[PDB]
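Next up: a single chain in structure tokens, the form deposited in one PDB entry.
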């Protein structure tokens, strides 16, 4: 009947109220988002004199413990990064309030899904895509710091925010499903569109799963549509195969989930399993053609615009192919990605 002396609801969320004042400091403005974790509100900080984003965790032990691991990762990042220059959202502080853990972040503008929607899902230019690619590669190089070794584990357009609507700066949010490198505890990770082959196949994985995600993300920013839009795991693998061909035999030989997607013929080679109810043959949906390297960009809409020549498109195509390498050991790393001709 009553949850937390009337402050909470049945679903463990704080009942957010316009104009409420917390601790004689934070003036609550409005609800901006909700997740499984809880809620996120926009608020004004009267001591520091600036707008902030407050992540209000649910009043329940399972989410409280999850949030504590996030708080550990951000304070570890803040320790190494004092100058605030590696493109991760800054955690200013955290506090307990009416039995809720609250995390105080810097206020940024909208996310990259919202930008895609504002283009009518037609995508942004190659000049802006280059600038997002550079900052994201720099961000992944920071997470690959040996003392950190952080895997975000859920990179998508929703978790990339623009700092200011009228500038090109971006930041990565939401380390709630993140972890430091180690022994495998989880197999069902990453959002399906952005999920690596090694995860689909049930194999060992490391920080390279974020680089696969980034490759998928950068094509989507320019074309406006998801590169691999699986409705289930079997659809996801089939769309990956359409573009990149059948995975190498020596990986499928080790993969415990290979037979969910493929089948091993008498000759020792792997073939796709049939479906109930229309795919192009392996590797015939070329990225060259998806990007429109010789036909003026996605949908022919970039023909005549500067920074969209055939030479510029081949630099982008090449970089993206190295990010979508099947083998996580040879897939390009943040340091080397920054040295590509696309950023030169």
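So that the term is clear: the rigid core is the largest set of C-alpha atoms that superpose within 1.5 Å between two forms. Numbering follows the first chain given and starts at 1.
If you look for the form deposited in another entry, you will not find it shown, but the lines that follow are about it.
Check: For the list 270, 142, 193, 97, which one shows a CA move of 2 Å or more between this form and the one not shown after the core is fit?
Finding: The displaced C-alpha is that of 97.
Notebook entry, point to check: After the core is overlaid between this form and the one not shown, has the C-alpha of residue 181 moved by 2 angstroms or more?
Noted result: Comparing forms between this form and the one not shown, the residue 181 CA shifts below 2 Å.
Margin query: Once the core is aligned, does residue 85 move its Cα by at least 2 Å between this form and the one not shown?
Written below: Residue 85: C-alpha displaced by 2 Å or more between this form and the one not shown.
Item checked: Large Cα move at residue 13 between this form and the one not shown, threshold 2 Å, rigid core -> Residue 13: C-alpha displaced by 2 Å or more between this form and the one not shown.
Notebook entry, point to check: By 3 Å or more, the Cα spacing of residue 339 and residue 86 differs in that other deposited form; is it closer or farther than in this view?
Noted result: Relative to the displayed form, residue 339 and residue 86 move farther apart in that other deposited form - a change of at least 3 Å between their C-alphas.
Check: Relative to what is shown, are the Cα atoms of residue 106 and residue 82 closer or farther apart in that other deposited form, where the gap shifts by 3 Å or more?
Finding: Farther, not closer.
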